[PDB]
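One chain follows as structure tokens, the form deposited in one PDB entry.
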């Protein structure tokens, strides 16, 4: 058998509360919103959060890339609630923060989150029109994650008791030293350090921060577009994703001991999986596009499923398939895999 409890997972990211509601076309027009696009909240969207809560159907689900990864991972290991994922981030002790913390803990995540007063809790207006979602994100409190919180006994212990470390690329936009504290911690606990490249702009605008974390990164996870901009960052003039993966194994600095893994998802095409033993492609199940609700956090759901599989000690291929299952399940919205 396996008879295995999952490894304690540490997740750090920018926590946002999805303020989610079906809205009229008039609502999008009112707020200058182009349908199906994700943008950061500007002066043009002033009042949207107060206005989306007028909708009788409005829902509040805890969100943000890394927090959704943590939620999906916990949703797979439901027998281990409070005993599996710890999430670190920065909220505010406002009403958006309470719902976020309280709805994430209830699902089984230990929320070792900071409470700042310098900004309100991070939130995302999820504007639904049929099966189309228009996103308006306000980073807020999430960006104010402090060295003080990372020193705090709660986070240090959370890290000390963890064996798997997942960081979204967005953590590098805040403060690299927070990430580098966990990088050192993964060395100490002999744990495993995983990044998600999260977005192309990370490799373009925050390349210095990424480069300081790469030697410590055991598993690099990205999609085709994130993978390609990585090659652009590295000066690898190629659009062959598998080639990029193999060079990310041996041509990107790695001082770790567990071994460098590179996972590149390719939406409709097979997931590239690379190690020091060569490149391998894991085909993604064929899907009907008239059954896709939205590709929102499909990469987050892949990463959530991939984690829960690694935490129970499944092999790398098995983890990619567990990622596929969860990704496509969340695409079409207890486990059955």
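Positions refer to the first chain, counted from 1. Between two forms, the rigid core is defined as the largest C-alpha subset superposing within 1.5 Å.
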{"item": "Unresolved deposited residues in the interval that joins residue 333 and residue 334", "value": "4 to 9"}
{"item": "Residue range whose averaged C-alpha B-factor is higher in the record, 221-229 or 243-251", "value": "243-251"}
{"item": "Mean Cα B-factor comparison, 85-93 or 72-80, giving the higher one as deposited", "value": "72-80"}
{"item": "Selection by C-alpha B-factor (highest) of 67, 309, 38, 28", "value": "309"}
{"item": "Within-chain third of residue 278 by Cα B-factor, per the entry", "value": "highest"}
{"item": "Third of chain Cα B-factors occupied by residue 56", "value": "middle"}
{"item": "Third of the chain, ranked by Cα B-factor, where residue 175 sits", "value": "lowest"}
{"item": "Ranked against its chain, the third holding the CA B-factor of residue 304", "value": "highest"}
{"item": "Chain third (lowest, middle, highest) by recorded CA B-factor, residue given as residue 32", "value": "lowest"}
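Not on display, but discussed next: the form deposited in another entry.
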{"query": "Displaced position between the shown form and the other one, chosen from 28, 279, 282, 298 (C-alpha, 2 Å or more, rigid core)", "finding": "28"}
{"query": "Did residue 134 shift 2 Å or more between the shown form and the other one, C-alpha, core superposed", "finding": "yes"}
{"query": "Residue shift check between the shown form and the other one, rigid core fit, residue 270 Cα at least 2 Å", "finding": "no"}
{"query": "Exceeds or equals 2 Å, Cα of residue 52 between the shown form and the other one, core fit", "finding": "yes"}
{"query": "Closer or farther: C-alpha pair residue 57/residue 78 in the other form, relative to this form, given a change of 3 Å or more", "finding": "farther"}
